[PDB]
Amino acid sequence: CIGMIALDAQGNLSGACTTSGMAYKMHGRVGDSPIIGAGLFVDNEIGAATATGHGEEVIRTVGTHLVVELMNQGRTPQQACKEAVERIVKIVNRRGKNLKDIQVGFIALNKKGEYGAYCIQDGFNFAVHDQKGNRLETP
């Protein structure tokens, strides 16, 4: 899985997400990466987000559509990503599952070119490239 979202010089957003999925998955298994609203969601009036993690868990929470509606509601890309993760933690616990077994992260971008990211578990990084160059950051 790699997800990528960008704001161009005209100020338009777009995103792409592609994967070979979970290794040794059942035949015919599909994760979050080809699902609009789960692996990727872009609204040019608000912003965009891509997800990382257990495909199943991102589908179950329609993760990336949630992050963008949270930026629509007025959250910064950072705040939207954190609040979206915090909602998913509450759901993992309501399902009596152990958070150590679930990983979901989001990176997000709005129309001003502000960005942000957050995850359930530590250890994921994302790359940011603007006019300060290309850098690896940690959510």
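Residues carry their position along the shown sequence, with the first being 1.
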Ranked by mean Cα B-factor in the entry, 90-98 and 50-58, top stretch is 90-98
Segment of higher mean CA temperature factor, 124-132 or 14-22 | 124-132
Just grab whichever of 107, 104, 30, 40 has the top CA B-factor as deposited.
-> 104
C-alpha B factor of residue 9, ranked within the chain: lowest, middle or highest third?
-> lowest
B-factor third for the C-alpha atom of residue 84 within its chain = highest
